[PDB]
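Below: one structure, written as structure tokens.
Each value in this text was obtained by applying a stated rule to the coordinates, not by laboratory testing. Note: ideal-geometry Cβ built from the backbone for every residue, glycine included; neighbour counts use all protein chains shown.
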Amino acid sequence: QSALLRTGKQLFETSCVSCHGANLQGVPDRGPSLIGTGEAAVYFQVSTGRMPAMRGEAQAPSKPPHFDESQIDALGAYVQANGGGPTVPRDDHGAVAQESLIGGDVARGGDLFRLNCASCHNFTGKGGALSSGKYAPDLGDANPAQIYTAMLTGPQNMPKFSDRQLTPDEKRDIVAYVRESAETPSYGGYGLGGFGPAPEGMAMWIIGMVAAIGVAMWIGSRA
Amino acid sequence: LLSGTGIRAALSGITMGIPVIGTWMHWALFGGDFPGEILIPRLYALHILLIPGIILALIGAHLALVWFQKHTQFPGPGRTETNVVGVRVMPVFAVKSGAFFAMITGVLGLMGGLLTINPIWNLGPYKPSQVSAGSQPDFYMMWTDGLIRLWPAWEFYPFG
Amino acid sequence: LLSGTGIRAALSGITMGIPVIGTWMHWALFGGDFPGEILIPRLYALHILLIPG
Amino acid sequence: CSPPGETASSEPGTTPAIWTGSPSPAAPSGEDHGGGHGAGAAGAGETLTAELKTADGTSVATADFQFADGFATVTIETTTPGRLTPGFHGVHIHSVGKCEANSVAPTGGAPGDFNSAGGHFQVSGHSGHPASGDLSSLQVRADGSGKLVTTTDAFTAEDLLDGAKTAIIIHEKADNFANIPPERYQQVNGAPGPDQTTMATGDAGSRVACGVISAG
Amino acid sequence: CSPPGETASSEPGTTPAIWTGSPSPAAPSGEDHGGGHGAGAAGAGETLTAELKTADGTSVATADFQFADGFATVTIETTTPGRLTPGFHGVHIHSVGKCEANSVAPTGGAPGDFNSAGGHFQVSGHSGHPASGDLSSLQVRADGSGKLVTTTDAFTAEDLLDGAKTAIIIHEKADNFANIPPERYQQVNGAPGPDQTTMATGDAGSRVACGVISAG
Amino acid sequence: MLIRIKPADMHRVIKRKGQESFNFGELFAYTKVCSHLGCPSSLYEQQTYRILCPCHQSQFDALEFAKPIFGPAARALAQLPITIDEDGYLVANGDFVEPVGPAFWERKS
Ligand SMILES: CC(C)=CCC/C(C)=C/CC/C(C)=C/CC/C(C)=C/CC/C(C)=C/CC/C(C)=C/CC/C(C)=C/CC/C(C)=C/CC/C(C)=C/CC1=C(C)C(=O)c2ccccc2C1=O
Ligand SMILES: CC(C)=CCC/C(C)=C\CC/C(C)=C/CC/C(C)=C/CC/C(C)=C/CC/C(C)=C/CC/C(C)=C/CC/C(C)=C/CC/C(C)=C\CC1=C(C)C(=O)c2ccccc2C1=O
Ligand SMILES: CCCCCCCCCCCCCCCC(=O)O[C@H](COC(=O)CCCCCCC[C@@H](C)CCCCCCCCC)COP(=O)(O)O[C@H]1[C@H](O)[C@H](O)[C@H](O)[C@@H](O)[C@@H]1O
Ligand SMILES: CCCCCCCCCCCCCCCC(=O)O[C@H](COC(=O)CCCCCCC[C@@H](C)CCCCCCCCC)COP(=O)(O)O[C@H]1[C@H](O)[C@H](O)[C@H](O)[C@@H](O)[C@@H]1O
Ligand SMILES: CCCCCCCCCCCCCCCC(=O)O[C@H](COC(=O)CCCCCCC[C@@H](C)CCCCCCCCC)COP(=O)(O)O[C@H]1[C@H](O)[C@H](O)[C@H](O)[C@@H](O)[C@@H]1O
Ligand code: HEC
Ligand code: FES
């Protein structure tokens, strides 16, 4: 749309031309060129907030978004027009699809997640560490569109999962599994984070062992 | 997935890397390659009967030794190397030990309820191609795993 | 074949026979109908750990 | 120590060639059957296709002929949506399999797609009535498609596997075979009998399509 | 104690009736379907058979044609080893599906297996050139078998389910369709054009076989 | 077990209540599971028409409804209703009118 393109350009010119140079070409050693990144990349990155980025470090951290959905769409449309590339999914009305991205199959989504996603994130989408200051973040904050677009465009040190590699049905199943694992209550008590051995051992040593030692000190006599 | 990855790391790699007999120990434990169809039955035997039987026998020896080699005590007013100052078994020690057992099992039950331990349903079935990022053993084997991680990748290659 | 038919006769039949709690005992022991998929693991535990202990 | 073999910067390499997998030997000798048939010849099997093209090099029809249980279970589908006009194209089986644009086996005019060495390619021992060489009219309507079959088995896979490759040639005539009997109709010379050229095979104008049935 | 229910001397019983199982409502959500086709009509599917009988009730042949992917694949198997003599036969699609021994839709002589309501059963909107009302020919050798296909798709599965059941009628002629062009040949009255009856459909002597295509 | 009663011996057959029409001509289908503790009763003896169980040596008279005429068993073997469907294949003409395995408390009602 003409006005959408104009709004995207105006936001771009006063947000990122210092590190994604005007004309969408990347500033050498400050930011990559956005030609070909597409609307999905812009949506995911700006909505998660990573892109109003105020440091060059191991990894761009997530943060509150600096733009509302309309401005996100404007920036995405501008980048898509300039470069041309993957587009964020949308529902019948036109808004970014959230529920439509919940795949029907969850066992298949979990299998795909374990084969591809858990590699670094977790068994259930908690975070993971990477080589030098990087890390795979927890997926519990991401909404279905954000998960789908994260797969569609490998944000940073994350493999780029094309539609051919993971058909949109497979990505929808993975999104369903991610949301289900994130929103599912821990059966058996308080899941201490999602990592078994380390949080479980700390909770033993702090809750059970201090209780046992304190009870022993109560029963016995100091000497 | 988690525990099978831990097995693949420790039991398989460490066993199979041992120079003179490493592969021979690996194949004899696993009945062949790593995913051999007898590993878990063998571990089940070892874990429900063999090792717990030895632990029970050694705990019996331990408690018998403590019982008949009278428990040592800290220096104190009436405490010498040739006496035991404390309380007799029947009235006080027995009751307080039983109460301590009750309280310890209460703590264990409370934690079994309120705290989630090893959500295997979250941890999918073992597949060699799948893995997570945590990949840790219980806190008692965590020091062995940490030794594996920290040791600086020193490998030696003798003649062939 | 021999041990399985012996089990079917003795355990299953005589357990179901018991008047007030026979079928309940059968279902508790086999976790279901006779060929329940937990019978031999349960017997293995009982035989290598519990009864020998 | 470090691994003995590493770090070969030189010899940049070459792009791997397209893999041409060898067939599974006696070890994995199992393979899919190519089709069971009587095969009273060197061997053709139960699978044989062909493309009947036009004088412009474009495919018109796509025929398929192959024995299934002793009889040819064939099927033909139009390869283009406007190959045949709104009418009946007369199919026939020509002994010569060369689906050339225009050829003349004998000394005479070379009709378009007239590579046939005669009329209808009958059996070796049959040269009278319209044997398996002959075929009837297959109709293409305004839609422009052809798919319909009959029972013409004067020959078999063995007969098809003859000395010369055969072809399916579709001209622009129907199937009548002297529908005007001698009782009422008369010929040019006044004889009430029919024409030998018309009786031997379906004669029409310029051939519309032609395709070699030698697994074309 | 004896069990409460035993022994029945009276009521000898009856022979169990032949079992007639019912389609599964529980296991199948709906009704299982066979052949798949567009079926632009009340519904015929991708499965349609027919048996062409003789004047004395003998099975002349067994045809079967059905739509698969918009093109109708067909095949005919000889019903007897000597149904057709050592010659040629012309197969035509007749609008009337009654494969009677002899009938006459119009006011005139009732030819054998002439139940057709006219010549070739062309399409509803097509009545000129030889539309799908004409089928492929059937050439029989000394073996006496029928198996061959053409590309006749002026009508489809949708057009097959017309107002009246159609049939395939095979007479004992070849496929010519006025192969004698007006340039050389002449008619009985001297005109060089062909005969309307001959052009409408394959005309020959008494019909040899006739089979209704209404899933006969 | 589907047993073919000889035509000559078909006149000695005595049928149970509600099982008179179960047999398809001379074909009788009786559960193999012994009515006493449920072992298969596979040992079929022809010319005596006795279905013997090997586990505890109980004979059931196949000619009559398969009632036990020896051994620990006290209940007859359940008789399957059989017939022929289209194409002549043997099919069950219903289900057992009684529970078929060995007996238990909640039975015979
Ligand atoms: C190989 C190795 C140990 C490398 C170094 C890594 C390491 C342990 C670094 C230190 C971690 C810390 C303390 C980070 C904060 C930044 C930092 C270093 C600050 C300066 C430290 C300093 C001198 C501070 C002043 C006084 C002081 C010593 C304060 C220490 C503060 C802390 C964190 C004290 C408690 C120790 C602690 C929790 C350490 C992390 C270790 C583990 C294994 C935690 C386990 C655990 C985790 C990881 C969960 O996610 C979780 C989720 C839900 C429920 C339960 C848990 C749980 O129990
Ligand atoms: C859903 C589900 C299945 C839930 C259940 C979970 C499950 C599977 C299992 C747990 C369930 C159970 C059964 C829990 C309770 C376990 C249990 C037996 C607790 C007993 C504690 C209790 C009820 C105390 C009541 C308070 C009271 C009046 C206490 C005084 C009387 C009693 C009970 C005295 C007991 C004395 C006692 C602990 C004897 C242990 C016997 C053994 C093995 C060793 C004895 C012994 C001891 C204890 C030493 O300390 C010692 C130290 C140095 C040298 C030698 C010894 C020695 O020989
Ligand atoms: C003493 C015995 C008592 C033991 C404690 C028992 C507590 C019982 C709690 C009530 C029953 C169980 C509730 C289970 C529901 C439940 O799981 O609880 C979560 C909370 O979780 C948190 O944040 C933690 C909140 C802080 C409170 C609990 C802290 C207790 C620790 C301290 C106990 C261990 C001791 C360790 C000592 C440490 C010091 C060492 C020196 C809440 O949901 P949420 O917050 O959204 O979880 C996110 C998913 O959503 C999202 O996708 C996912 O991606 C995640 O982000 C996930 O967090
Ligand atoms: C529960 C199981 C308990 C074990 C019981 C069973 C154990 C049986 C072991 C003996 C069986 C025979 C050994 C077979 C395998 C073998 O061991 O290799 C030999 C090795 O001899 C040498 O030359 C080595 C000496 C020369 C280098 C000097 C090195 C000094 C080192 C050892 C110092 C470091 C020690 C530190 C200890 C650290 C301990 C850690 C806690 C040479 O190969 P070869 O015998 O021909 O076997 C061929 C395969 O090598 C071939 O790959 C295959 O293709 C076949 O052809 C096979 O036949
Ligand atoms: C490890 C497991 C340990 C066991 C723990 C669990 C045991 C729980 C047992 C209680 C659960 C409820 C009983 C269910 C089942 C039940 O027992 O049956 C009842 C029976 O009450 C009566 O009238 C009987 C009394 C009248 C006759 C008088 C008989 C005197 C006898 C007993 C004397 C001989 C004793 C000799 C002992 C020899 C010992 C041998 C060593 C009536 O039927 P009903 O409760 O409605 O249940 C319906 C099913 O009958 C129905 O077939 C089904 O369709 C359902 O609808 C079901 O709900
Ligand atoms: C280590 C390889 C890697 C794998 C494979 C991978 N991820 Fe990621 N993922 C990352 C990293 C690194 C980030 C952080 C990117 C950034 O912050 O720019 C990330 C970001 C995300 C986010 C954004 C979460 C947020 O709140 O910002 C989600 C959701 C996500 N990944 C899910 C997935 C899904 C779905 C797959 C599909 C298999 C997957 N991951 C596979 C490493 C990976
Ligand atoms: S098991 Fe058959 S009679 Fe006892």
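With the charge dipole of chain E set up from +1 on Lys and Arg Cβ and -1 on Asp and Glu Cβ about the Cα centre, the Cα lying farthest toward the positive end among the listed residues E:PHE121, E:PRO181, E:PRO106 is that of E:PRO181. For trypsin sites (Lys or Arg not before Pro), the sites in the range A:1-73 that DSSP calls loop and that have at most 15 other Cβ atoms within 10 Å are A:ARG30, A:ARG55. Under a 5 Å amide H cut-off, with hydrogens placed 1.01 Å from N, F:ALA103 pairs with F:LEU37 among residues at least 5 apart or on other chains.
At each listed q (0.23, 0.27 Å⁻¹), what is the log10 of I(q)/I(0) that the Debye formula gives for the range E:151-216 modelled as equal alpha-carbon point scatterers? Cα-only, vacuum Debye calculation for the range E:151-216: -1.07, -1.21. A dipole drawn for the range A:8-136 from +1 and -1 charges on Cβ atoms has a positive end, and of A:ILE102, A:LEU75, A:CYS117 the residue lying farthest that way is A:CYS117.
Summing +1 for each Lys or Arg and -1 for each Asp or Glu among the other residues whose beta-carbon sits under 12 angstrom from that of F:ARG75 gives +2. The longest part of chain B holding none of the exposed loop trypsin sites (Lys or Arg not before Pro), meaning those outside H, G, I, E and B in DSSP with at most 13 other Cβ atoms within 10 Å, is B:89-160.
With Cα atoms as the point set, chain F shows a radius of gyration and Dmax of 13.4, 42 Å. Using θ = phi - 60° in the Karplus curve 6.51 cos²θ - 1.76 cosθ + 1.60, the 3J(HN,Hα) couplings for the range E:118-128 round to x, x, 6, 6, 5, 6, 4, x, 10, 9, x Hz; x is entered for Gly and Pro. Look at the Cα gyration tensor of the range E:81-173: its axes a ≥ b ≥ c give a/c of at least 1.5 with a/b at or below b/c, and that counts as oblate.
Let a ≥ b ≥ c be the square roots of the eigenvalues of the Cα gyration tensor of the range B:57-160; is it rounded (a/c under 1.5), or, if not, prolate (a/b larger than b/c) or oblate? Because a/c hits 1.5 or more and a/b fails to exceed b/c, the range B:57-160 counts as oblate.
Here chain E is treated with +1 on each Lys and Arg Cβ and -1 on each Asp and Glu Cβ, and its dipole about the Cα centre works out to around 640 debye. Phi angles across the range A:92-101 convert, under the Karplus curve 6.51 cos²θ - 1.76 cosθ + 1.60 with θ = phi - 60°, into 3J(HN,Hα) values of 4, 5, x, 5, 4, 6, 10, 6, 5, 8 Hz, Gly and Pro given as x. Of the chymotrypsin sites (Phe, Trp or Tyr not before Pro) found in the range D:1-106, those in coil by DSSP whose Cβ has at most 14 other Cβ atoms within 10 Å are D:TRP19.
Straight-line reach from A:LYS160: taking Cα to Cα under 30 Å and skipping same-chain neighbours fewer than 8 places apart, the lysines in range are A:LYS9, A:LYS63, A:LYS126, A:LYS134, A:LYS171, B:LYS127.
No disulfide-compatible partner, judged by a Cβ distance under 4.7 Å, exists for the following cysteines of the protein assembly as shown: A:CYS16, A:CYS19, A:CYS117, A:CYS120, D:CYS1, E:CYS1. Across chain D, the mean sequence separation of Cα contacts (distance under 8 Å, 6 or more residues apart), normalised by length, yields a relative contact order of 25 percent.
Less than 5 angstrom separates the built amide H of E:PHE88 from those of E:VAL140, all sequence-distant by 5 or more or on a different chain.
With the biggest extent put first, the Cα atoms of the protein assembly as shown measure 153, 103, 66 Å across the principal axes. What's the Kirkwood radius of chain C in Å, using all Cα pairs? So the Kirkwood estimate lands at 11.6 Å. Based on alpha-carbon atoms, the Kirkwood radius and the radius of gyration of chain D give Rg/Rh equal to 1.22. Membrane-span-like helices in chain B, defined here as complete DSSP H runs extending at least 20 Å along the helix axis by their C-alpha atoms with mean Kyte-Doolittle hydropathy no lower than -0.5, are B:51-68, B:94-114; this is a sequence and geometry rule, not a statement about a membrane.
The dipole here belongs to chain A: it is taken about the Cα centre, uses +1 on the Cβ of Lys and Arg and -1 on the Cβ of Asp and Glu, and is about 680 debye.
Around A:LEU139, what is the net charge, scoring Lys/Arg as +1 and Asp/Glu as -1 over all other residues with Cβ under 12 Å from its Cβ?
-2
Evaluating 6.51 cos²θ - 1.76 cosθ + 1.60 at θ = phi - 60° for every residue in the range E:195-200, the Karplus couplings come out as 8, 5, 5, 5, 6, 4 Hz, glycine and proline recorded as x.
The chain E residue nearest the rotation axis shared with chain D, using its Cβ and rounding the distance to whole Å, is E:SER136, 1. Working from Cα pairs under 8 Å separated by at least six residues, relative contact order for the range F:18-100 is 27 percent. Applying the criteria of a DSSP loop state and at most 14 other Cβ atoms within 10 Å to the GluC sites (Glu not before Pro) of the range A:42-121 yields A:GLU57. Database remark: amide H of F:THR48 closer than 5 angstrom to no amide H (H placed geometrically; neighbours at sequence offset of 5 or more, or on other chains; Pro and chain starts carry no H). Annotation: the residues A:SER181, D:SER214, sorted from fewest to most other C-beta atoms within 10 Å of their own C-beta, follow the order D:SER214, A:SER181. For chain E, the longest piece that avoids every one of the GluC sites (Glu not before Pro) found in DSSP loops with at most 12 other C-beta atoms within 10 Å covers E:32-182. Projecting the Cα atoms of E:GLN139, E:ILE169, E:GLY190 onto the charge dipole of the range E:116-216 (Cβ charges, centred on the Cα centre) puts E:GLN139 farthest toward the positive pole. Computed about its Cα centre, the charge dipole of the range E:1-102 is approximately 360 debye, with only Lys, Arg, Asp and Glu carrying charge at their Cβ. Other residues with beta-carbon under 10 Å from the beta-carbon of E:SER206 carry, at +1 per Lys or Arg and -1 per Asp or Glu, a net charge of -1.
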